[PDB]
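Next up is one chain by itself, shown in structure tokens, the form deposited in one PDB entry.
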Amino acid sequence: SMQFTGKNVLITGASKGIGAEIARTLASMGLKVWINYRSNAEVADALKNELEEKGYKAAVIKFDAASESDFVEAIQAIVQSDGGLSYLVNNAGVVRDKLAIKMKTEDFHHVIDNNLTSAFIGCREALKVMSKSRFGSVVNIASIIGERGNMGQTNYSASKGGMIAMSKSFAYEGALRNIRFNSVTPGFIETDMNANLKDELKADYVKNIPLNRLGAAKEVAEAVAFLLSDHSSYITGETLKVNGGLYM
């Protein structure tokens, strides 16, 4: 485990993937996790039922993280039920890869709006509900390619890079009320988002990763847990690389 002074956590896009495994990990450390989903609740409720049967406190909550009014009401309901929100994790993310010349301002905005704007609302509402309680930790799931860039991901990289720079400024804004903002920039994780991909391009990656494997969603998750826990109490505006050596 790891100590937490807080009690509950909101994890946008937590139904599947790294978001799921963040919820399992924070739950099994005795936090109350609010699994967010946007569309089909059959996977989110299944996760919630997996976690309660293990004896952890869990819940599900429906909103589009890119929708301001839908996001703000969501947290308000979390505060109303629990009397405050201690930990936010902006995990919600989409990917749409295209060579720039075939890419369209819809495809740029689709990623910006879902990957960047959602995180802004999160961090913002995170200041609001946490300022008076003089405590808080937020973690924005970014990506290696916000630090490095990548071919065919001019929209995804634009959004992850904004998220890392934006998180730095929030950390300035919330630092005096002991509200810390950090980012996690994972390498290539064995999840839903990149599962469908050419083996010619996948073993291509493995041979560039010094640790010689794709990372586990549980491994991004426990790094997010450290950054939210109290062990990280002097760490703010940092970016934690979880990429097995793929970029240093």
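Only residues modelled in both forms are compared. Think of the rigid core as the biggest set of C-alphas that the two forms share within 1.5 Å after superposition. Numbering starts at 1 and runs along the sequence shown.
Chemist: Determine, among the other compared PDB entries that model residues flanking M193, whether at least a third leave it unmodelled.
Modeler: Comparison shows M193 dropped in at least a third of the other entries.
Chemist: Of the other entries that cover residues on both sides, do at least a third skip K218?
Modeler: Across the compared entries, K218 is modelled every time.
Chemist: Averaging C-alpha B-factors over each stretch, which comes out higher, 97-105 or 127-135?
Modeler: Higher mean C-alpha B-factor in the PDB entry: 127-135.
Chemist: Could you check which stretch, 118-126 or 73-81, carries the larger mean CA temperature factor in the entry?
Modeler: Mean C-alpha B-factor is greater for 73-81.
Chemist: Per the entry's Cα B factor values, which of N212, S183, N40, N36 stands out as the maximum?
Modeler: That would be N40.
Chemist: Lowest, middle or highest third of the chain for the C-alpha temperature factor of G152?
Modeler: It belongs to the highest third of the chain when residues are ordered by C-alpha B-factor.
Chemist: Ranked by Cα temperature factor within the chain, is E50 in the lowest third, the middle third or the highest third?
Modeler: Ranked within chain, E50 CA B lands in the middle tercile.
Chemist: Should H110 be placed in the lowest, middle or highest third of its chain by the C-alpha B factor in the entry?
Modeler: For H110, whose C-alpha B-factor we compare with every modelled residue in the chain, the answer is the middle third.
Chemist: With respect to C-alpha B-factor, does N243 fall in the lowest, middle or highest third of the chain as deposited?
Modeler: Tercile = lowest for this residue's CA B-factor.
Chemist: In terms of the CA temperature factor given in the entry, to which third of its chain does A171 belong: lowest, middle or highest?
Modeler: Middle third - that is where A171 ends up once the chain's C-alpha B-factors are sorted.
A second form of this protein, the form deposited in another entry, is not displayed here; the remarks below concern that form.
Chemist: Against the rigid core, a Cα displacement of 2 Å or more between this form and the one not shown applies to just one of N150, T117, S133, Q76. Which?
Modeler: Single hit from the list, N150.
Chemist: Do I144 and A217 move together or apart in the other form, judged by C-alpha distance changing 3 Å or more?
Modeler: Compared with the shown chain, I144-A217 is closer in the other form.
Chemist: Between the shown chain and the other structure, the Cα gap of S15 to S143 differs by 3 Å or more. Is it closer or farther in the other form?
Modeler: Their C-alpha distance shrinks by at least 3 Å in the other form.
Chemist: For residues common to both forms, which consecutive runs of 3 or more show C-alpha displacement of 2 Å or more between this form and the one not shown upon rigid core superposition, listed in sequence order?
Modeler: Runs 143-150, 202-205 stand out as displaced between this form and the one not shown - each at least 3 residues long.
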